[PDB]
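Novice: Dumping the structure here so I can ask a few things about it.
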Amino acid sequence: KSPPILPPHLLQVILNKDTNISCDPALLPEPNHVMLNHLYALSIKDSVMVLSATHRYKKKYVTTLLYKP
Amino acid sequence: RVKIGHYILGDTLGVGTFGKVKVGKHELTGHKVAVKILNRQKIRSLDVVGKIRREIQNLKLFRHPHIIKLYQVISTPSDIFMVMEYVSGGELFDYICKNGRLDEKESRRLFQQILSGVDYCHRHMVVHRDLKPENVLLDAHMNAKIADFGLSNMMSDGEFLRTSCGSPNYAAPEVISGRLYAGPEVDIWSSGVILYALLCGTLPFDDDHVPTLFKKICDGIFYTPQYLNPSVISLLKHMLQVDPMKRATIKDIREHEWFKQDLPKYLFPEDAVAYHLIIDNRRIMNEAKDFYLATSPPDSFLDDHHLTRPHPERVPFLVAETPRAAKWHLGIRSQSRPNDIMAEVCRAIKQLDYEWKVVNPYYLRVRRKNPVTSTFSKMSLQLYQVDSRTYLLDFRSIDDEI
Amino acid sequence: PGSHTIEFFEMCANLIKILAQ
Amino acid sequence: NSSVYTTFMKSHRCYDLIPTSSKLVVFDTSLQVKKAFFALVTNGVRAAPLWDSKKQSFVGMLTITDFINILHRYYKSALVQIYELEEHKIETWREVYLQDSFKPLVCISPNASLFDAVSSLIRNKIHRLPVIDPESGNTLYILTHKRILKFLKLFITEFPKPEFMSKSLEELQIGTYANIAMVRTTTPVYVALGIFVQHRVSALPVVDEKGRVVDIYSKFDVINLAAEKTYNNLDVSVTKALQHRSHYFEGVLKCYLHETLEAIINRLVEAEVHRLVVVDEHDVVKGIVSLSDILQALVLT
Ligand SMILES: Nc1ncnc2c1ncn2[C@@H]1O[C@H](COP(=O)(O)O)[C@@H](O)[C@H]1O
Ligand SMILES: Nc1ncnc2c1ncn2[C@@H]1O[C@H](COP(=O)(O)O)[C@@H](O)[C@H]1O
């Protein structure tokens, strides 16, 4: 019994992906349901932590970003 | 003879997931239904109480032209009866052997209808394992109807499945290798090998020796012989990609040139009386997708000059960082011994006064009480393995509706 | 009464603060 | 006239304006304010909800106006490094700027009407509007006049087209034509910010010596000073501070008094811009028709 191998789905970060320059700066591609709720983060620099997750509301998605000392 | 209401049961016609399926005949009008019989003497002996509960739950709210309807579910003190829609013609597995394969005209028509139902299932967060030509039935008018949902499972957001329950064939490589998956991609792979049998009359991955059969699967090799039209071969190689990330999606199939060929428009979304206005407003939303979704930028990185119209509200950030010129991590990763990690994460949890509960040696259910609004916020910690010497701690979020 | 999503972030930060070195 | 756009905005909720997938930036109040402004540039965003970690709630917005207010306020000019901005947290700056200017957070429910959204925008005179989920307490999106008029243009058949849409601006009397705040070509950036503070307008048309418009300095073009870190020399002109777009700006979007309201609206959503500069034959600026003015003429026909 070993801890399960990480599923490749979680290795698709919508924030690492870059959007089209013609699109609204706030828009993001449609995520699959399986990346939702999972926590993403930037490399800790200075003293500010940058956490991230994608959550759904009905049938609308929002990828919230938080800067925190 | 045992009757259910006015339905007298007759000819047994169902193998079942374990329980017999018979034909019901309305004693008053001869109306035919299909009844799945599950006596309490058998099911209770196992731990399949929630399994068939799961099957009924999924099928209860389904209503699609190419999925067998569940009309009712009647219980007696002895047995449970699933009353379903009856169709004559049996599996299309018997539509093969009979006839000579299928034409591009016919094999595609069935594939379209079958896929339409698969789509419908996934839209309702219901994956259907064991998706084989034996579970696809035909009515009098030779229309495909997806049937046995015994191995189905409801997809939950942020959660993978595993289990691995499909047939020896028709099962995706990530399933046979006992690896966790999202859901739909496993269904695509099963449909990918279905389309093969509809075009060839045989299986792409078969072997009498089973261990050597699972090898033939995980290796993405299969032969598309002679007559097989080039347009559909590109679809098969796509639907049967061993790498689940490069494997085709329903989106990728609907826009495929082979699948577009003469398909009925009534399949798929397009195409107190505000319902005729709420359905009209929705069409106007999907029409201008650029308003709701961010498109993908052009791929070529070898172009000398690239001309395009930039959004006015993203020019300063653009013109400064791009004129002559951070990654997001998933949770956290370490290289420590896996069980030594779990020992230290609980120390950190105990150090913050959190309520944790162990589900697996590498899976926790930690709970915190917000010291301001007195609200309980939950989250799940699952440990994974990335490299041959690197592990990943995953942070999931749990919503709770009361 | 507070954001459920931010609370989730707030919680994760407290954990990583200890774990991250 | 009265009642078709009103009915339309009263039938749809705020949830309909929300993109199927967007990005939202949230700052902790104990974050340094200069660090936050860079973060805006980082993600390519104008504003961010402010989370008071001590109170466990959202407390307001951090927009470009804050950046303008920081700069105009603490501008020891100019070679001495700006000290009150380097060492200054958000919460500590809301203890200074927000005081004697207290604008409490105004949000709206996703299930709330689109009408009340436009109503809230005008009644509160704010360009942003955080669509906040009442349960969970999550912010879903930040509503704007731009987003509303676009959706309006998008989701309506002009078969029941009203009268005033085919009528000119001169007769409709929409827009501001008295005391137009504007800057000269040579006007220092700092002076422009001072105008932004006392007049509280979204943009300042750049005029020549003849009083003719040749460019426009919107509040949005201020983060360029934060994007290029050229925020320490405010002595420079507006036209030099707008050089970063240069040849890639295709001209200032104008309009005339004699062209229909529909003409103005259509032109305004294709441009994805907040306001149009009303102008005569000789390009002399004579007025400004903003999204604020237009949406006001739709809630109140
Ligand atoms: N530079 C300006 N000078 C005078 N009035 C303006 C200016 N910019 C906007 N306005 C008016 O102020 C109101 C709000 O504009 P805005 O801040 O663009 O939403 C509207 O009535 C505009 O016509
Ligand atoms: N009348 C106009 N003509 C040309 N560009 C404009 C005009 N108004 C605003 N912009 C630009 O549009 C972008 C967004 O500003 P805003 O109009 O405040 O949304 C900025 O780059 C402005 O400089």
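Novice: If you go through the stretch B:383-392 one residue at a time, how many are more than 8 Å from every other protein chain (Cβ to nearest Cβ) and buried (at least 16 other Cβ atoms within 10 Å of the Cβ)? Walk me through how you get there before you give the answer.
Specialist: Residues of the stretch B:383-392 more than 8 Å from every other protein chain (Cβ to nearest Cβ): B:387-390.
Of the ones still in play, those that are also buried (at least 16 other Cβ atoms within 10 Å of the Cβ) are none.
Summing the residues that are more than 8 Å from every other protein chain (Cβ to nearest Cβ) and buried (at least 16 other Cβ atoms within 10 Å of the Cβ) in the stretch B:383-392 gives 0.
Novice: Could we say that D:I132 is within 16 Å of ligand 1 (Cβ to nearest atom) and surrounded by 17 or more Cβ atoms within 10 Å (Cβ to Cβ) here?
Specialist: Details: within 16 Å of ligand 1 (Cβ to nearest atom): no; surrounded by 17 or more Cβ atoms within 10 Å (Cβ to Cβ): yes.
Against the criterion (within 16 Å of ligand 1 (Cβ to nearest atom) and surrounded by 17 or more Cβ atoms within 10 Å (Cβ to Cβ)), D:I132 does not qualify.
Novice: Take the stretch A:31-69 and flag every residue that is more than 9 Å from chain B (Cβ to nearest Cβ) and among the aromatic types (F, W, Y).
Specialist: The answer is A:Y57, A:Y61, A:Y67.
Novice: In addition: So D:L121 ticks every box in (1) under 30 Å from D:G211 (Cβ atoms); (2) within 16 Å of ligand 2 (Cβ to nearest atom); (3) away from every other protein chain (no Cβ under 14 Å) but one. Which box is left unticked?
Specialist: So D:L121 meets the others, but not (1).
Novice: Return the total of residues in the stretch D:84-104 being of a type in the set (V, I, T) and surrounded by 16 or more Cβ atoms within 10 Å (Cβ to Cβ).
Specialist: 1
Novice: While we're looking at this one, here's another question. For the stretch B:165-220, give me the residue count where each residue is among the hydroxyl-bearing types (S, T, Y) and within 21 Å of B:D119 (Cβ to Cβ). Outline the logic, then answer.
Specialist: Filtering the stretch B:165-220 for residues among the hydroxyl-bearing types (S, T, Y) gives B:167, B:170, B:177, B:181, B:190-191, B:196, B:202, B:212.
If we keep only those that are within 21 Å of B:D119 (Cβ to Cβ) too, we end up with B:170, B:181, B:190-191, B:196.
Total meeting the criteria: 5.
Novice: Test D:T144 against the criterion of being within 13 Å of another protein chain (Cβ to nearest Cβ), within 16 Å of ligand 1 (Cβ to nearest atom), of a type outside the set (A, V, I, L, M) and under 19 Å from the mean Cα position of the chain (by Cα), and give yes or no. First the steps, then the outcome.
Specialist: On the way: within 13 Å of another protein chain (Cβ to nearest Cβ): yes; within 16 Å of ligand 1 (Cβ to nearest atom): yes; of a type outside the set (A, V, I, L, M): yes; under 19 Å from the mean Cα position of the chain (by Cα): yes.
The answer is yes for D:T144.
Novice: Looking for something near ligand 2 (Cβ under 10 Å from one of its atoms) and more than 11 Å from every other protein chain (Cβ to nearest Cβ) - is there at least one such residue anywhere in the stretch D:253-262?
Specialist: So far as the stretch D:253-262 goes, yes, one or more of its residues are near ligand 2 (Cβ under 10 Å from one of its atoms) and more than 11 Å from every other protein chain (Cβ to nearest Cβ).
Novice: Let me ask something additional. For the condition surrounded by 17 or more Cβ atoms within 10 Å (Cβ to Cβ) and within 11 Å of ligand 1 (Cβ to nearest atom), what is the one hit in D:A227, D:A178, D:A203?
Specialist: On inspection, the qualifying residue turns out to be D:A203.
Novice: Among the listed residues D:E250, D:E272, which satisfies the condition of being over 30 Å from D:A36 (Cα atoms), part of a loop (DSSP other than H, G, I, E, B) and not basic (K, R)?
Specialist: Going through D:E250, D:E272 in turn, the sole match is D:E250.
Novice: Can you work out which of the residues in the stretch D:244-257 that are surrounded by 13 or more Cβ atoms within 10 Å (Cβ to Cβ) and more than 15 Å from ligand 1 (Cβ to nearest atom) is nearest to D:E158 (Cα to Cα)? Even if it seems obvious, please write down each step before you answer.
Specialist: Residues of the stretch D:244-257 that are surrounded by 13 or more Cβ atoms within 10 Å (Cβ to Cβ), as a first pass: D:244-245, D:249, D:252-257.
Checking the rest, the ones that are also more than 15 Å from ligand 1 (Cβ to nearest atom) come to D:244-245, D:249, D:256.
Values: D:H244: 40, D:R245: 36, D:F249: 32, D:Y256: 23 Å.
Only one residue fits best here, namely D:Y256.
Novice: Of all residues being assigned to a loop (DSSP other than H, G, I, E, B) and within 27 Å of A:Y40 (Cβ to Cβ) in the stretch B:316-331, which is nearest to ligand 1 (Cβ to nearest atom)? Just the residue, please.
Specialist: My answer is B:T322.
Novice: Does the stretch D:180-202 include one or more residues that are among the small types (G, A, S) and within 29 Å of D:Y15 (Cα to Cα)?
Specialist: So far as the stretch D:180-202 goes, yes, one or more of its residues are among the small types (G, A, S) and within 29 Å of D:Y15 (Cα to Cα).
Novice: If you go through the stretch B:347-375 one residue at a time, how many are over 19 Å from B:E159 (Cα atoms), more than 10 Å from every other protein chain (Cβ to nearest Cβ) and of a type outside the set (D, E, K, R)?
Specialist: 1
Conditions (1) acidic (D, E); (2) part of a helix (DSSP H, G or I); (3) over 24 Å from the mean Cα position of the chain (by Cα), marked per residue:
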residue: D:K103; (1), (2), (3): no, no, no
residue: D:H127; (1), (2), (3): no, no, no
residue: D:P134; (1), (2), (3): no, no, yes
residue: D:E158; (1), (2), (3): yes, no, yes
residue: D:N179; (1), (2), (3): no, no, no
residue: D:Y190; (1), (2), (3): no, yes, no
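Novice: Right, something else. Quick check on this structure: which one of D:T301, D:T260 is more than 16 Å from ligand 1 (Cβ to nearest atom) and closer than 22 Å to D:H127 by Cα? Let's see the steps before the verdict.
Specialist: Details: D:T260 fails: closer than 22 Å to D:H127 by Cα.
After ruling out the rest, the residue left standing is D:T301.
Novice: So, in the stretch A:1-59, how many residues would count as being touching a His at 6+ places or on another chain (Cβ under 8 Å) and farther than 22 Å from D:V26 by Cβ?
Specialist: 5
Novice: When the residues of the stretch D:184-206 are filtered to those that are more than 14 Å from chain B (Cβ to nearest Cβ) and within 13 Å of ligand 2 (Cβ to nearest atom), which remaining residue is nearest to D:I82 (Cα to Cα)?
Specialist: Within the stretch D:184-206, the match that is nearest to D:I82 (Cα to Cα) is D:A192.
Novice: Would you confirm whether or not the stretch D:54-64 contains a residue that is out of contact with any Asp or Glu (no Cβ under 9 Å at 6 or more places or on another chain), within 7 Å of another protein chain (Cβ to nearest Cβ) and within 20 Å of C:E10 (Cβ to Cβ)?
Specialist: For the stretch D:54-64, residues out of contact with any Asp or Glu (no Cβ under 9 Å at 6 or more places or on another chain), within 7 Å of another protein chain (Cβ to nearest Cβ) and within 20 Å of C:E10 (Cβ to Cβ): present.
Novice: Hey, any hits in the stretch D:279-297 for a residue that's acidic (D, E) and closer than 18 Å to D:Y217 by Cβ? Write out each step before concluding.
Specialist: Initially, the stretch D:279-297 is screened for residues acidic (D, E), giving D:280-281, D:283, D:293.
So of that shortlist, the ones also closer than 18 Å to D:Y217 by Cβ come out as D:283.
Yes: the stretch D:279-297 contains one or more residues that are acidic (D, E) and closer than 18 Å to D:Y217 by Cβ.
Novice: A further question on this structure: When D:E250 is evaluated against the numbered criteria (1) on the phi < 0 side of the Ramachandran plot; (2) within 16 Å of ligand 2 (Cβ to nearest atom), which criterion, by number, is the only one it fails?
Specialist: (1)
Novice: If I ask for residues that are over 17 Å from C:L15 (Cα atoms) and in a strand (DSSP E or B), which ones from the stretch B:359-390 would you list?
Specialist: Result: B:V359, B:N360, B:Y384, B:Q385.
Novice: Return the residue satisfying two criteria in turn: it lies in the stretch D:263-275 and is buried (at least 16 other Cβ atoms within 10 Å of the Cβ) and within 17 Å of D:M165 (Cα to Cα), and of such residues it is farthest from ligand 1 (Cβ to nearest atom).
Specialist: Here the answer is D:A263.
Reconstructed Cβ throughout: ideal geometry from the backbone, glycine too, with neighbour counts over all protein chains shown. Every number in this text was worked out from the coordinates using simple rules, so none of it is lab data.
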